[PDB]
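In case you want the letters, here they are:
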2 protein chains.
Amino acid sequence: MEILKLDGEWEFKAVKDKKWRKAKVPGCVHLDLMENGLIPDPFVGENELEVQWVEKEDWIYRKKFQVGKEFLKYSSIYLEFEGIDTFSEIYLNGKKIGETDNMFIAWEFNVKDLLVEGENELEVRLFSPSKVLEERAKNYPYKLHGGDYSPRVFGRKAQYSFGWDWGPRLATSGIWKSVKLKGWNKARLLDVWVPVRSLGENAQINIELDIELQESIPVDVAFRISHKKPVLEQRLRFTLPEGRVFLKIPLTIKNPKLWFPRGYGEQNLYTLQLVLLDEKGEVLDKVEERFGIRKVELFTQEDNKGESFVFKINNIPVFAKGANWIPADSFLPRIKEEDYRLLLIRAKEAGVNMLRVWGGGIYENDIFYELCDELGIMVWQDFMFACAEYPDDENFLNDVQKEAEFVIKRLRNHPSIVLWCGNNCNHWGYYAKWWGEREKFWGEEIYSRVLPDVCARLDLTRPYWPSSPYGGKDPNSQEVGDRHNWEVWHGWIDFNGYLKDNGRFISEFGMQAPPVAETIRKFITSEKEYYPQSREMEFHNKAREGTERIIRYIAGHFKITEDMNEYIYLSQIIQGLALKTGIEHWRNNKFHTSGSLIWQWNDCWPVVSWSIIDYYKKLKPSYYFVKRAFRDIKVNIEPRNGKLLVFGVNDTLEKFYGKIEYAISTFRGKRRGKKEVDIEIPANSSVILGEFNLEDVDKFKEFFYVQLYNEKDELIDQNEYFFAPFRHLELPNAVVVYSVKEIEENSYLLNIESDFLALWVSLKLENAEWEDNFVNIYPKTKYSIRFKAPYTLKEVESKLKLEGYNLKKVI
Amino acid sequence: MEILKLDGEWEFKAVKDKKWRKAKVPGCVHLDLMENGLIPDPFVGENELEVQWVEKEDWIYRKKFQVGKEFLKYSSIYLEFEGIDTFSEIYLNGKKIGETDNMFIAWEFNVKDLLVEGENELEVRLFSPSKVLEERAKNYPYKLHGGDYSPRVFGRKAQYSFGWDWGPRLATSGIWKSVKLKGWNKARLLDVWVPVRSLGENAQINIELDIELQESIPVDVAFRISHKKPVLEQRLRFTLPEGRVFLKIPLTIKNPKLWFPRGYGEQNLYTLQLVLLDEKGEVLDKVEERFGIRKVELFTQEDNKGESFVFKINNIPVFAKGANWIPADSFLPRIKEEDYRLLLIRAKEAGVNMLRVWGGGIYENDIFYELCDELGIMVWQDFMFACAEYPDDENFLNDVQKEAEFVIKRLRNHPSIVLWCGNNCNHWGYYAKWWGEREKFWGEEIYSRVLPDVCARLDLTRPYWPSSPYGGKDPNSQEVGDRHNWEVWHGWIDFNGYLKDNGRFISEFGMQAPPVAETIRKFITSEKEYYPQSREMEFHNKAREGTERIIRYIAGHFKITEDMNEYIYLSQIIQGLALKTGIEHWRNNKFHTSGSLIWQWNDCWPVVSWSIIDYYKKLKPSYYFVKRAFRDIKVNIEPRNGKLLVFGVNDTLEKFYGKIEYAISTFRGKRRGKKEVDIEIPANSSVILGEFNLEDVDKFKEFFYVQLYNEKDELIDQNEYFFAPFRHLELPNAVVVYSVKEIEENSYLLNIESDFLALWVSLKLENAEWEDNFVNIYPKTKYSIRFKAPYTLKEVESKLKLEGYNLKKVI
């Protein structure tokens, strides 16, 4: 089968304007208007407001294309819109072909008869989603309560696009994925899947083929499964009748090289190569498809305090270190593989087991799931429903089930995908008071019947789980299932309160923090708006009372500041500490609490929000805290009623021997505690390592600390405790003494020592890839923390600045 | 009967020390230790911590006194401890006399036999309440959950003394009221009461006498009721038998001059003068006792949304403008009539209908209730139980009923006292989760049986009401009964949220604010602690996260400041605005809501807290906002989706005619849609006066306003609205133009005009009694706001300063 793809440039105009302007085909209306200069950068200042009219208008896209006489020879031609932003009417040579209800799925159309030779005309009328949805809600028996934007629920589109806590109202339409014209003769591989049927010292496997035959024809399927070198090969023959045929073909892989997530093994991926072909030897459809071999179990077994909730890949239980993933741009077609690659490798090296693809953005581009596959980053896939009362009439349930079929059928092969999730927050929402005392949980049947059944039907390999918080009697309970901890941010509770949360799996929690100055500067329109509570700063904070929350949190541990640059450093470290102090505690429980998923990995535009990496892909400082908090092997401190209580954590398949040091030094002076001999941390477990009573501690002159050494020279982790908020600590300004070695042409090695306790030193260098940063430096220790700068020159990396809570600097 | 009173100086020492030091008799241990120089001022800095040992020690007080041969002639001598701080053993001439369990009642003891002529020795062993209570709790079948300090509950003492949200842990012991030796021959008036039996164009009344006769003897009672030309006089004669005799003597008062609260009438008080008299003509006991003549009804009648909760004095329903009253010092004997007089006259002139004597301090000194009587300030009297699980065994219930009898018997006569209340917050507490998941509501029987019955027994004149929040299903409901709104402060919700609270009576709500600088300076120990989040500033804020709340609220409407002095002005106006915006809204409902009681009128020590007048009696600025919010006749503004909605409120018995002005001016320019109509506000009611569509408003350059003129074209109230937080208002710095007339010797009259909108101008003058300030001044208006300074000279009143949010120049 041959593919003429209609990607490239199209012409487009408002439903009723005269001019046809130029447009790009994986596109948005907004993009094309930006490119033609017709509307300002919505991401800048208060331009969101300027551009609300786009949303309200209907739109027409049109391409003219040239088709051969050769090409019409193909006995069937179907037109395939890989993705399309919701509501559309699509005409070919001035004749209808179908509506589209849906952004999240492919739409395919039979056109052989309507096609003519030479020039052709494809016309796509894109309806204002605002207008279309508010009609659909007006027509509906009841009124349904969303959030910001209620009628959102009545259509199948990216729920964030109408505005969120961290997104803006850029409700874009557009042909948001490839448009292919496909021509084929006799038959076509329709789907291919390679489920592991059951596993052991040897691996049993099926190959599930859908095939759509038009004539009743003899066919040969021939395949080769390959790891590095081809492990297996086979040919088979069928004589099948016209229609959709399905086959499960068993086969065996001896000594299977088994997929594991990062840190618990290797990311072995088999490749399947399969050619459908004719009786005459002529190939009809090929398909490469990659897959892994792995068990997944969602261990849900009762105990004292409630019920477990733990992932078990290949029978090893992994604590899920992670973060919630959200669309990387408000206009989706600008995200390039470059971008996904950068955010995901940054996750990898921060030490991330898992990403929850949050059910309010989208089902991702294949590039996302195929990197997650390679990098060992398991994913928690939500079905795209979030924080609202959805419709639940038959007409709708069919649309939903139709999409669920497609989505699963697409993503099934990715060994990274570890769970299917029904929704975000709805069961919690109805069970709590938000959206009222209604008897009908509006949407329940989607979560209860529709989805579990389509999941059970098409994918035995993975657990379905009906809701993003679904912890027992009160869906957010700490006894059963997973938990969303918004006590801390949204309720205002001090972030130390994460210590009193013992939920079986924290799938959501976070703290806000404004981006790096560079990023800030790109969206503020003036230097007069560069102050913490400016119109443009609060306007770029879509959380109801976000800035005053940030300012609250800063004011827990710190002296308030009116200085913009101080505020940024201070607020961003608070973010680190909130995340740190939570992440550390959940890990200290280990399998009582078998998971921590940070509430924001990325941003979809330049905004003050929970994200640990901003829209322009510039690491918040909290990223380095999160790397630290995820260190595969780690020591944490944790109070208990006037007695401190250190911990030891292995996220590794092998027991660890190594020395710890306690202490309780002053900010100058020298320790008041016991250096320890060898300690063991057993494989894949948290262990209590030490106690240390403190019934006469000088809270404002002293601080308890811990350092962890592996069997070699090396510092592998450290940690500290303070007994009073930083602002009251009689903490002398330190002086730090750094120097810079060069290990390989662009790799460097940074050496630091400090007199007194210096805190959160901030290594600034325009394009560096720091292995660690925003660091505490203790008296009596010298630190060798490596980096690189594949940008700057050998003498110019000594134009490196650095700052901290308490400083003077030297060399 | 003759009274030798043992007030004066006593000797005292720790249970086991050798030195006897000097002491004062209405006293505290702490006081006497302070006075002897043995311990620092607990109110200064972090001295609270220094003085915790006092609490733990047992104490001995001793007086030696001289008694005549003439005095023993009296056939019965009883010793009367008017008040004593809890747990004591009391010896006379080295022989026991009784324990005391109770601070809140008089203790009386028969001593004629134990007395000797000449020198005598009274010895009072005062037990450490800390030690005594924790014993009592340890002995108890179950553990009971208080708050800060749990075992608090097992004793009868001032619950605040063990520390609160705004108080510190100064758990003082001491002989806290007068000690009288009483000698009498034959009989004594034991109690006297003058209940109004029923009322009308004429007034029917009883006189209830208890009398304790020792011999069976003929007696004459003779009385004169006086208004104060004596309206009535009478003599009666009885021949009664030994024991406690009781009599209800009916009489009638023609055309009674009727007590009303301030604003709704006159505070007429009759005086009763009654002499119990022998057969010879010799007086045995006199009683002077004051009383009022008034109905009180607590209207609790169902309607659409829930059930009313409205006070009706003499059939007129009064909206209770008010505040919660709490003990005026941590050590009670220092409060002098001077102090009560100052705090209560300041309440009067702020325009206060009511004070709730909060059930965690004490039953007040007679001076409090007799001023409340004179000044027309109705009181809501709590029985002293607050925010805890109290014991409910027989042994305890008897102690409780014994105290309730005494308390009521004492306070019954005061026409100010308008309600008896069971507790503070307990029904709410058990119904909510705090101390929750207990089947036994741990003091219910106190609230359900004990107290209502003793109230019903001894006082038909007043409603009993079982709990300080006692709604319906959920005791804090807005549908029924009264309500405590801690959404705003304690939950963190923006103070604009008071607009969405429609509770039938708001008995509690508040916002914190640090005191005046002068006051601050008295307790801070250094100028280095004079910054908003210093150790000593947070230490003098006993609310868990008080400072960071304050800083959150400031950061709602304003730019944060690192400056101590700014912070004070800004935070204190926030307090005004929180209180204002609530008080105004509750009044706009009028009898749907029927009451607003501010959470803090006063302080018991120098502290950052809700109080509207600080420990040293220096008005917070919010006092002037509260006066403004209480203006008997008033116009308020109140948003509605897309349109503003002005209101009109009469707390007066007569309809009001007068002109209002709308507007929507810029901060300079006076422009839009000046709509300048007459209007009527009917007597004792809220009425909607105007609407005003806010179509296309410049939120950052403009502000809607209202002014109210009486028939004389005098300004009597004004009000304003803003559409964005002050910090973003393009608001020019104003310049004000003031000058000072003299009305009478020490009275003055201050004239102001301003170019642009000046906000919250701050009239500073060392001893002035401002009739208004912290005032907004509009463009085209000249203000004559009167004051006085009975301290300074007329030419020295022109050493008056002033400041505001925006002030380039003055005069």
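Rules used in this analysis
- Residues numbered from 1 in each chain as written, not as in the entry; some residues may be left out.
- Chains lettered and ligands numbered in written order.
- Heavy atoms only, no water.
- Salt bridge = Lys/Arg side-chain N within 4 Å of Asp/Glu carboxyl O.
- Helix = DSSP H or I, 4+ residues; strand = E, 2+ residues; numbered from the N terminus.
- Buried < 20%, exposed > 50% of the residue type's maximum accessible area, 1.4 Å probe, protein only.
- Core = buried A, V, L, I, M, F, W, Y, C linked by side-chain atoms within 4.5 Å.
- Contact = heavy atoms within 4.5 Å.
- Domains from an automatic or database assignment.
- Buried area = accessible area lost by both parts, 1.4 Å probe.
- Polar contact = N/O pair within 3.5 Å; in protein donor to acceptor, adjacent residues only side chain to side chain.
- Nonpolar A, V, L, I, M, F, W, Y, C, P; charged D, E, K, R; others polar.
- Axes fitted to C-alpha atoms, helices over the stretch in contact; angles between N-to-C directions.
- Left-handed = near helix turned anticlockwise from the far one by under 90°.
- Least-squares fit on C-alpha atoms.
- UniProt positions renumbered as here; feature names shortened; annotations may be inferred.
- Pairing = 2+ DSSP bridges.
- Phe/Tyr/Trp six-rings, centres within 6.5 Å; stacked < 30°, edge-to-face > 60°.
- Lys NZ or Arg CZ within 6 Å of the ring centre and 35° of its normal.

(A) Representation of the pattern of salt bridges within the structure. Under the definition given, this model contains 112 salt bridges over all chains. Two residues, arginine 483 of chain A and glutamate 487 of chain A, come together in a salt bridge whose shortest N-O distance is 3.6 Å. For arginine 346 of chain B, the salt bridge goes to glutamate 769 of chain B, with nearest N and O atoms at 3.7 Å. Of the two residues, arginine 346 of chain B is situated in helix 6 (residues 337-350) and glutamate 769 of chain B in the loop between strand 42 (758-764) and strand 43 (775-777); the sequence distance between them amounts to 423 residues. Relative accessible area serves as the criterion here: at 34%, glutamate 769 of chain B is assigned to the partly exposed category. Linked by salt bridges that have partners in common, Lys580, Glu584, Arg628, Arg631, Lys634, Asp717, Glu720 and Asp772 of chain A make up one network.

(B) Layout of the nonpolar core. Grouped together as the largest cluster of nonpolar side chains are 398 residues, with contacts concentrated most on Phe383 and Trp601 of chain A together with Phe383 and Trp601 of chain B. Those residues in contact with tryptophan 601 of chain B that lie beyond four places of it in its chain are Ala323, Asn324, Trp325, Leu343, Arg346, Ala347, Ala350, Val352, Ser611, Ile612, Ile613 and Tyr623 of chain B. Listed in part, the 53 residues of the second largest apolar core include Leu209, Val296, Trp380 and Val418 of chain B.

(C) Region of interest: the domain arrangement of chain A. Residues and elements named next belong to chain A. On domain assignment, one finds that chain A holds domain 1 (1-185), domain 2 (186-292), domain 3 (293-630), domain 4 (631-725) and domain 5 (726-811). Measuring from the centre of the C-alpha atoms in domain 1 to the corresponding centre in domain 2 gives 34 Å. Counting residues at the interface gives seven residues for domain 1 and seven residues for domain 2. Carbon and sulfur atoms make up 39% of the area that domain 1 and domain 2 hide from each other, which totals about 620 Å². For the domain 1 face of the interface with domain 2, the top three residues by lost area are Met1, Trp184 and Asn185, together amounting to 73%. Here domain 1 and domain 2 share one salt bridge between them. The closest approach of N and O atoms between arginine 188 and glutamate 108, which form a salt bridge, is 2.7 Å. On inspection of domain 1 and its partner domain 2, the count reaches three residue pairs in polar contact. Grouping the amino acids of the side of domain 1 that touches domain 2 by side-chain chemistry returns three nonpolar, three polar and one charged.

(D) Main features of the packing of helix 8 (residues 394-411) of chain A against helix 10 (residues 444-458) of chain A. All names here are of chain A. Interaxial distance between helix 8 and helix 10 falls to 10 Å at its minimum, and their mutual angle equals 35 degrees. Seen from above, helix 8 lies across helix 10 with right-handed handedness. Of the residues in helix 10, those touching helix 8 at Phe396, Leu397, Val400, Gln401, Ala404, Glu405, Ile408 and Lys409 are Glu445, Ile446, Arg449, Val450, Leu451, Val454, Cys455 and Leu458. Among the residues making up the contact of helix 8 with helix 10, the classes are represented as eleven nonpolar, one polar and four charged.

(E) Highlighting the relation of the copies chain B and chain A. With an RMSD of 0.4 Å, the operation that places chain B on chain A is a rotation of 180 degrees combined with a shift of 0.3 Å along the axis. Taken together, the rotation angle and the small translation identify this as a two-fold axis. By C-alpha distance to the rotation axis, the residue of chain B lying nearest is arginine 552 of chain B, at 2.7 Å. The residues that chain B uses at the interface reappear at the interface of chain A in 88% of cases, marking a shared surface.

(F) Layout of the UniProt feature "domain: Beta-mannosidase Ig-fold" (unreviewed entry) in chain A. In the UniProt entry, the feature "domain: Beta-mannosidase Ig-fold" (unreviewed entry) is given for residues 733-802 of chain A. Across residues 733-802 of chain A, the secondary structure splits into 0% helix and 49% strand, with the terminal C-alpha atoms separated by 14 Å.

(G) Here's a closer look at the sheet that holds strand 5 (residues 76-81) of chain B. Residue and element names in this part refer to chain B. Taken in spatial order, the four strands make up an open sheet running 1-10-5-8, and their pairing is antiparallel. Of all the strands in the sheet, just strand 1 (2-5) and strand 8 (107-110) have a single pairing partner and so form its edges. Averaged over neighbouring strand pairs, the angle between their axes works out to 25 degrees when direction is ignored. Inspection of the sheet shows strand 5 paired to strand 10 (residues 179-184) by six bridges, in the antiparallel sense. Looking at strand 10, one finds that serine 76 is bridged to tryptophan 184.

(H) Quick look at the side chain of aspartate 210 of chain A. Residue and element names in this part refer to chain A. Residue position: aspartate 210 is located in strand 13 (residues 203-213). In this structure the side chain of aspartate 210 is engaged in a polar contact, spanning 2.9 Å, whose partner is the side chain of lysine 409. Not counting residues within four places of it along the chain, the set of residues in contact with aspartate 210 comprises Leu189, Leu190, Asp191, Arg244, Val245, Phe246 and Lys409.

(I) View of unusual backbone geometry. If you check the backbone angles, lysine 590 of chain A has positive phi at about 50 degrees while not being a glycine. In this structure, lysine 590 of chain A sits in the loop between helix 14 (564-589) and strand 29 (595-598). Accessibility expressed as a relative area gives 2% for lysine 590 of chain A, which makes it buried. Backbone geometry at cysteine 425 of chain B places phi at a positive 60 degrees, although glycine is not the residue there.

(J) Region of interest: the interface of chain B and chain A. Facing the 24 residues of chain B at the interface are 21 residues of chain A. For the pair chain B and chain A, the summed buried area comes to about 2300 Å², and 53% of that belongs to carbon and sulfur atoms. Looking at the side of chain B facing chain A, the largest losses of area belong to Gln533, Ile560 and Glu562 of chain B, adding up to 27% of the total buried there. Connecting chain B to chain A are five salt bridges. Its salt-bridge partner being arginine 727 of chain B, residue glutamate 548 of chain A comes within 3.9 Å of it at the nearest N-O pair. Joining chain B to chain A, the criterion identifies eleven residue pairs in polar contact. Listing elements by their share of the side of chain B that touches chain A, those giving two or more residues are helix 12 (535-539) and helix 13 (546-557) of chain B. Looking at which element gives the most residues to the side of chain B that touches chain A, the answer is helix 13 of chain B, with five residues. Residue composition of the side of chain B that touches chain A, grouped by class: seven nonpolar, five polar and twelve charged.

(K) Expanded view of the packing of aromatic side chains. One pass over the structure, following the stated rule, counts 134 aromatic pairs over all chains. Ring geometry for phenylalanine 43 of chain A and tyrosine 615 of chain A: centres 5.1 Å apart, planes at 75 degrees, overall edge-to-face. Of this pair, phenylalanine 43 of chain A sits in the loop between helix 1 (29-35) and helix 2 (47-50) while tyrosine 615 of chain A sits in the loop between strand 29 and helix 15 (622-630); the two residues are 572 residues apart in sequence, bridging distant segments of the chain. We classify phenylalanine 43 of chain A as buried; its relative accessible area is 1%. Judged by relative accessible area, which is 8%, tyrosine 615 of chain A ranks as buried. Measuring from ring centre to ring centre gives 5.5 Å for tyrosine 623 of chain A and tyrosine 624 of chain A, while their planes differ by 75 degrees; the resulting arrangement is edge-to-face. The exposure class of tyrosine 623 of chain A is buried, given its relative accessible area of 3%. Joined through ring pairs, the aromatic side chains of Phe558, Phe625, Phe667, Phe703, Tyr705, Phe722, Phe726, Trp760, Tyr778 and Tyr805 of chain B make up one cluster. The ring of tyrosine 149 of chain A is capped by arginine 169 of chain A, whose NZ or CZ atom sits 4.3 Å from the centre of that ring. Positioned above the aromatic ring of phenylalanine 162 of chain B is the side chain of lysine 157 of chain B, whose terminal nitrogen or guanidinium carbon lies 5.3 Å from the ring centre.

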